[PDB]
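Trainee: So the sequence shown is residues 6 to 64, counted in the UniProt record's numbering.
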Amino acid sequence: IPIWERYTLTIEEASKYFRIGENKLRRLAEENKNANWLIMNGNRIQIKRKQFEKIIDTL
Numbered sequence: 006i007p008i009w010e011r012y013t014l015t016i017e018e019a020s021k022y023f024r025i026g027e028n029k030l031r032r033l034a035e036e037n038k039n040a041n042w043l044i045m046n047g048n049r050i051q052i053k054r055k056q057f058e059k060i061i062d063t064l
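(1) Can you give me the C-alpha to C-alpha distance between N37 and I50, rounded to a whole angstrom?
(2) Report yes if the CB atom of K53 is closer than 9 Å to the CB atom of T15, and no otherwise.
(3) Have a look at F23, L33 and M45 and flag the residue whose alpha-carbon is nearest the alpha-carbon of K59.
(4) Please name the residue in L33, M45 and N41 whose C-alpha comes closest to that of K55.
(5) Could you tell me which of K29, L43 and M45 sits nearest to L64, measuring between CA atoms?
(6) To the nearest angstrom, how far is it from the Cα of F57 to the Cα of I25?
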């Protein structure tokens, strides 16, 4: 789905959009499987933009 249309970003959309070490996003989810921002769609993990996008310029 066009990144500007989904509600959550994948690791690829996140690495681009959320310029963050791809390894952290994968380590965070795999670590906080119950994260309030991660979403496992069958097998692909997705990053939330609302709760995350707010803490981007914060990092």
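Where is the CB? At the ideal position from N, CA and C, for every residue including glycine.
Mentor: If we stick to the structure as given:
(1) Working through the sequence shown from its first residue, we reach residue 37 at position 32. Working through the sequence shown from its first residue, we reach residue 50 at position 45. In a straight line, the C-alpha of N37 is about 12 Å away from that of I50.
(2) One-based indexing of the sequence shown puts residue 53 at position 48. One-based indexing of the sequence shown puts residue 15 at position 10. No; because the gap between Cβ atoms is not below 9 Å, this pair is not in contact.
(3) Position 54 of the sequence shown, counted from the first residue, corresponds to residue 59. For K59, the nearest C-alpha among the options comes from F23.
(4) Working through the sequence shown from its first residue, we reach residue 55 at position 50. Of the candidates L33, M45 and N41, the one whose C-alpha sits nearest the C-alpha of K55 is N41.
(5) Working through the sequence shown from its first residue, we reach residue 64 at position 59. Each of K29, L43 and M45 was checked against the Cα of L64, and the nearest Cα belongs to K29.
(6) Counted from its first residue, the sequence shown places residue 57 at position 52. Counted from its first residue, the sequence shown places residue 25 at position 20. So the two alpha carbons sit approximately 12 Å from each other.
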